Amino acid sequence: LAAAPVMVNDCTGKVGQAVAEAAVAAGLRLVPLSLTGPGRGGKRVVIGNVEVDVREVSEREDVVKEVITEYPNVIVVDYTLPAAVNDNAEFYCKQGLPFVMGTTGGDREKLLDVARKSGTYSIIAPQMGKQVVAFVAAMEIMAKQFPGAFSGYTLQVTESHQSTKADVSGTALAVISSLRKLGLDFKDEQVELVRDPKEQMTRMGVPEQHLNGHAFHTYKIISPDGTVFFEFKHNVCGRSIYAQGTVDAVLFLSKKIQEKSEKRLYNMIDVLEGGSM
């Protein structure tokens, strides 16, 4: 590939590891340095056939000078923790480092502000499963073109995630928001969170190996008389969809940088519009 090399912070996190493995398998160059979180020690990890020197976040200035002098065209991929989001972003923007930020949480308004204001080439997208982004944006296209089209219908929404998210998924909320414009009446509190593993397996169909990394959503829309039934599901096991979307985002941003686009801040919709590469 004519694509920029990538530094994945943190390649020891669950999604960060998946991204790095997918980047390597795809034929991107993985920078053999990574930054891990506060309270984690230095270590050597194997990603494919690449040995990555994982360094403490206290060393991040030194580490980035080293990455920048050896890999000037580097793009950083950030899958860290909500706590690090705005700080990592300000760090990348101050250093002129182009980045793909997949980490959720943080102050999303300040995040987008700093990236746009500095004019740093970036993709900031809290859902990098691009196929899920396409479904979300379909529901919203439907919602914009055809307001009230399901007026009078009943909505049920059910979803399953690791019991490390007490909360309704951002994806579910965004879809429900479109469904309201389609004339459904449904409060966020009505989402049915499935959190029992027995039930996640036996009723939602989540495989036993994926109980701690999955995102299963079901939306049902039923007419007042019960004769019309619509059902939409998007069920993700593990993290490969996030990994594969991140690779595409890096390939897209690579090109924008090579071309010197006027536009600097992109999202996953922009990536989807460009097609598969």
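When you see a residue number, it is the position in the sequence shown, counting from 1.
Mean C-alpha B-factor is higher over 48-56 than over the other stretch, the pair under comparison being 242-250 and 48-56.
As listed in the deposited structure, the average C-alpha B-factor of 60-68 and of 231-239 is greater for 60-68. Per the deposited coordinates, the residue with the largest Cα temperature factor out of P98, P197, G183, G102 is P197. Taking only the listed residues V85, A174, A166, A134, the entry reports the highest CA temperature factor at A166. In this PDB entry, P224 carries a Cα temperature factor that places it within the middle third of its chain's modelled residues.
Looking at the C-alpha B-factors along this chain, the one for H217 belongs to the lowest third.
Per the PDB record, residue ranking by Cα B-factor puts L33 in the lowest third of the chain. When the CA B factors of the chain's modelled residues are split into thirds, the value for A25 lands in the highest one.
Ranked by C-alpha B-factor against the other modelled residues of its chain, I257 falls in the highest third.
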